[PDB]
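So the protein sequences, as listed, match chains P and E. Just so we're aligned: the first sequence equals residues 2 to 239 in my numbering. Just so we're aligned: the second sequence equals residues 315 to 465 in my numbering. The beta-carbon is built from N, C-alpha and C at its ideal position, and this holds for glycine as well. One structure is given here, and the rest of the page talks about it.
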Amino acid sequence: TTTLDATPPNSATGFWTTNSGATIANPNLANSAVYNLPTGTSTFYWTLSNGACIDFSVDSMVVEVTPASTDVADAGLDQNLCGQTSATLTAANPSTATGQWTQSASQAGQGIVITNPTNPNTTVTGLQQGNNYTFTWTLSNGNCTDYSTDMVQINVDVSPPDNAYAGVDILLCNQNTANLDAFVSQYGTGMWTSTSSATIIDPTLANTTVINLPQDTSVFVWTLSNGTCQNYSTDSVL
Amino acid sequence: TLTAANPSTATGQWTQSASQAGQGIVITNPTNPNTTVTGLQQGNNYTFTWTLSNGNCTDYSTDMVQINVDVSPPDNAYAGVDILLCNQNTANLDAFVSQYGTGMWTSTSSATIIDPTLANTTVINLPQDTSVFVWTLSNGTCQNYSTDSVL
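This is the structure in structure tokens:
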């Protein structure tokens with residue numbers, strides 16, 4: 002449903018005609034209403050005449066109708082990377098709509114590049130570690146753009162240089178308890194694990210406490226990790 | 315399971331912010347007032363909105379349920395080291411201070427405990443015979459995650 006818009010004549014009488022089923026409520030007015038409108042396009046004609054000077058001058062105007070699409074922006078889920086400079090960033094592939102991946106200019110200016118933006122499932126390159134990247138999926142209809150939006154973030158964690166050190170051989174003669182030690186990593190976190198039965202108090206401390214060490218030697222393992230970097234380094238203490 | 319009253323003159327659905335949906339939090343069968351939410355992580359907070367609609371008058375009213383998910387921690391209770399008083403009716407207890415939640419001392423015998431929530435609490439009237447103090451760790455809704463004891 003819409004209205005027409007023609008410029009009224011100075012000294013004549015106007016008239017509208019239609020095509021493809023469109024209906025004009027008042028064909029004699031430059032600003033009349035139109036209620037039947039097919040999808041796609043149709044041409045309306047403005048014919049101007051005066052008295053006996055019939056079909057004197059004409060002009061062409063078109064009305065374009067695009068129905069709402071059923072697809073909505075549907076971006077993939079955020080991800081978490083470790084040491085990568087590239088990733089596939091995803092979205093649902095729409096069928097009644099098209100769209101593209103975009104990013105803020107301030108991030109594009111740092112070298113972050115979206116490959117083939119109009120393809121819903123392409124890679125992003127130039128990602129740096131210790132940072133966060135945001136991509137927006139914008140879906141558009143034929144003539145009704147920015148129909149809907151959604152957004153995927155890439156969190157890129159640092160794959161650190163630190164190695165596990167754990168600590169120094171412990172040796173108990175008459176005691177069933179010990180204080181372990183380890184270098185405290187400056188990246189991420191870490192914890193103690195074991196392959197034998199002993200009770201560990203606060204495994205996430207480098208300085209954890211073993212409260213029931215066996216008679217024979219046991220081994221404690223110090224594992225370092227950082228966010229999505231589930232295991233970057235291990236070593237052990239006897 | 316996240317719940318709501320089941321309306322009879324109206325229908326509605328559970329929704330969530332896009333920024334939380336993007337982290338993997340999923341509402342099952344949103345139009346059903348009493349369904350589950352999955353993918354919840356510990357140490358976090360989730361918010362769900364119940365939106366009720368009339369036949370042609372949507373967003374008639376709204377309300378909201380929060381899920382607070384506490385961490386079930388790795389720490390064990392350690393409590394402390396056997397105490398032994400020869401001529402003294404008082405002692406300082408000790409315990410590893412948990413890095414998750416809190417904790418406190420309890421007892422099965424008569425002694426007065428000053429500030430039970432300290433690892434380093436004070437016993438001011440220990441009996442003649444041995445007594446036992448119990449160190450219990452807890453975290454928010456995690457009412458009791460670990461216990462051990464000191465003689």
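For residue i, the nearest candidate out of the options (CA to CA)
| i | options | result |
| --- | --- | --- |
| P/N180 | P/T196, P/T103, P/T200, P/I115 | P/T200 |
| P/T116 | P/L90, P/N94, P/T48 | P/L90 |
| E/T422 | E/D384, E/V340, E/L440 | E/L440 |
| E/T461 | E/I438, E/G417, E/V437, E/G454 | E/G417 |
| E/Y374 | E/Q402, E/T404, E/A324, E/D384 | E/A324 |
| P/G41 | P/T67, P/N51, P/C54 | P/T67 |
| E/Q337 | P/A26, P/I113, P/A88, P/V153 | P/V153 |
| P/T24 | P/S43, P/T48, P/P9 | P/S43 |
| P/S198 | P/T210, P/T178, P/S219 | P/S219 |
| E/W449 | E/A393, E/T435, E/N401 | E/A393 |
| residue 299 of chain E | E/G326, E/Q402, E/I339, E/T420 | The requested residue 299 of chain E is not part of the displayed model; chain E covers only 315 to 465. |
| P/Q231 | P/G84, P/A76, P/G77 | P/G84 |
| P/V211 | P/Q176, P/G228, P/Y233 | P/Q176 |
| E/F447 | E/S322, E/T435, E/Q327, E/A335 | E/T435 |
| residue 1 of chain P | P/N29, P/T3, P/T2, P/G22 | Summary: the structure shown does not reach residue 1 of chain P, with chain P confined to residues 2 through 239, and so no result is reported for it. |
| residue 245 of chain P | P/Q80, P/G22, P/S21, P/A13 | Absent from the structure is residue 245 of chain P, since the part of chain P shown begins at 2 and ends at 239. |
| E/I339 | P/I55, P/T3, P/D56, P/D79 | P/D79 |
| E/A391 | E/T404, E/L451, E/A335, E/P321 | E/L451 |
| P/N132 | P/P95, P/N94, P/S96, P/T86 | P/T86 |
Per-residue contacts from residue i into chain E (C-beta, under 7 angstroms)
| i | result |
| --- | --- |
| P/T210 | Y392, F410 |
| P/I25 | Chain E residues near P/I25: none, gap ~30 angstroms exceeds 7 angstroms. |
| P/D79 | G336, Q337 |
Whether residue i touches residue j by CB criterion (8 angstroms)
| i | j | result |
| --- | --- | --- |
| P/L38 | P/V64 | yes |
| P/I155 | P/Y134 | yes |
| P/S160 | P/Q129 | no |
| P/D158 | P/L82 | yes |
| P/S186 | P/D163 | yes |
| E/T363 | E/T376 | yes |
| P/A26 | P/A7 | no |
| P/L5 | P/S33 | yes |
| P/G77 | P/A88 | no |
| P/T139 | P/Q101 | yes |
Closer than 8 angstroms at the beta carbon, the chain E residues around residue i
| i | result |
| --- | --- |
| P/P95 | The premise fails here: P/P95 is roughly 17 angstroms from chain E at the closest Cβ pair, so nothing lies under 8 angstroms. |
Neighbour list for residue i in chain P, Cβ cutoff strictly below 9 angstroms
| i | result |
| --- | --- |
| E/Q413 | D203, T205, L206 |
| E/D389 | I202, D203, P204, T205 |
_Within 8 angstroms, do at least three Cβ pairs link the segment 166-184 of chain P to the segment 133-145 of chain P?_
no
*Taking only beta carbons into account, state which residues of the segment 134-161 of chain P come closer than 9 angstroms to chain C, listed in chain order.*
Here chain C cannot be found, since the structure's protein chains are P and E.
*asked:* Three Cβ pairs or more, each shorter than 8 angstroms: is that satisfied between the segment 198-214 of chain P and the segment 343-356 of chain E?
replied: no
_Give the list of continuous beta strand (DSSP E) stretches no shorter than 3 residues that lie fully inside the segment 80-139 of chain P._
80-83, 87-90, 99-103, 123-126
*Count the CB pairs spanning the segment 100-108 of chain P and the segment 178-197 of chain P that are closer than 8 angstroms, and state whether there are at least three.*
no
_So, does the segment 11-31 of chain P touch the segment 66-74 of chain P, judging by three or more C-beta pairs under 8 angstroms?_
no
*asked:* Assess contact between the segment 21-39 of chain P and the segment 55-62 of chain P, defined as three or more Cβ pairs (one per stretch) separated by less than 8 angstroms. Is contact present?
replied: no
_Inside the segment 3-56 of chain P only - alpha helix (DSSP H) runs reaching at least 4 residues_ = none
*In chain order, each beta strand (DSSP E) run of at least 3 residues that lies wholly inside the segment 144-197 of chain P*: 149-158, 190-195
*Ordered list of alpha helix (DSSP H) runs contained in the segment 427-464 of chain E, each at least 4 residues*: none
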